[PDB]
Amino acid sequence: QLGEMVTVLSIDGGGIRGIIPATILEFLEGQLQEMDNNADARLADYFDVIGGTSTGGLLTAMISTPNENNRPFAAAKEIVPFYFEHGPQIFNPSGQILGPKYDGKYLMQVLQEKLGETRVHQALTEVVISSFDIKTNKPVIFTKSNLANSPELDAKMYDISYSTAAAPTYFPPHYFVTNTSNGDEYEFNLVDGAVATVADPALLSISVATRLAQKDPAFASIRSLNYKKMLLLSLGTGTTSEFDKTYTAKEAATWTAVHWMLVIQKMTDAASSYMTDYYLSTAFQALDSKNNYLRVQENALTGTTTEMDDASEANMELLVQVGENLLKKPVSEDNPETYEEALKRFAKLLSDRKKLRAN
């Protein structure tokens, strides 16, 4: 039964490369608008869970936060323009001797302007936005489902959105406070969700959905790990394996802490993409439901496109092009089905499931 299926969207971290999954989501949301004869159709109307880390978490906030009309704040086609307009200002070097490359002031200001005073409890869907708390030394995952037992986690969307993207050495860590059930203050000292090993948060997102299945009847079909009843769209921001951008053990033997810090996050984020995709492929293949899991990832980033913080006009235009080209790429080797075709199929499933539930 299509009707009882659970739908999950997950978007990887990757700074300015967030243009790639936003281009994919522009295509998908456009397909849903066309099929359902509704120009106001939004991703949040079709997905039960939306997960994201860093810029993927920023995107999650923009498409799940309600406006004045209780409709998603941003259309998927407004995200790439957001990156072109605000990306150069977010990634404007502070030039300060000590501290990170960026002071994070513009990033906080634009998040505050766009999200207002909205809180995670107002999200139009279940959201999964990651961070790591350097004071408690634990991952801090923001969701709606855990607000019943943890009301202190009902933070402001701009606090969550800045925190999930606060990459060490790029932006300063974020501090903010909330209130507990008995009025006590609850503090957060947060850095980017990539530090919590979820630069790819797709497995975390389906785990939150699986936990919800134990208490929420709308998620009941996936209780007992029946991922045959789950539809998962996982979007990457690309990786690189071309020798011009990678390293040898020989040259790295004399590297100091400064050189290792510049590359350690790119390596762990690539690893999170490969490892999470491996866990998920294993799970969906074990239930003979491989085609329920669509991973849209760019495997060969080249030139300036590898850098997380290059918000030059030329690099952002190259990122739109890698996204548009990714649509025409095959889903795998030996399978001529393109990403565009698999996304049209996914769109149709999302539309049919929404229709069946309305009956």
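The first residue of the shown sequence is 1; numbering continues from there.
Trainee: Quick one: say whether 184-192 or 158-166 has the higher mean Cα B-factor in the deposited entry.
Mentor: Taking the mean C-alpha B-factor of 184-192 and of 158-166, the larger value falls to 184-192.
Trainee: With reference to the PDB entry, specify whether the mean Cα temperature factor is higher for 350-358 or for 2-10.
Mentor: The recorded data point to 350-358.
Trainee: In terms of CA temperature factor as recorded, identify the highest of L107, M230, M261, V198.
Mentor: So the option with the highest C-alpha B-factor is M230.
Trainee: Take the CA temperature factors straight from the PDB entry and tell me which of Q265, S234, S205, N137 peaks.
Mentor: That would be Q265.
Trainee: Per the entry's values, where does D36 land by CA temperature factor relative to the rest of its chain, in the lowest, middle or highest third?
Mentor: For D36, the deposited C-alpha B-factor lands in the middle third.
Trainee: Where does the C-alpha B-factor of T23 rank in its chain, lowest, middle or highest third?
Mentor: CA B-factor rank for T23: lowest third.
Trainee: How does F142 rank on Cα B-factor within its chain, lowest, middle or highest third?
Mentor: For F142, the deposited C-alpha B-factor lands in the lowest third.
Trainee: Looking at the temperature factor on the CA atom of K114, which third of the chain's modelled residues does it land in?
Mentor: For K114, whose C-alpha B-factor we compare with every modelled residue in the chain, the answer is the highest third.
Trainee: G303: which third of its chain by C-alpha temperature factor?
Mentor: According to the entry, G303 has a C-alpha B-factor in the chain's highest third.
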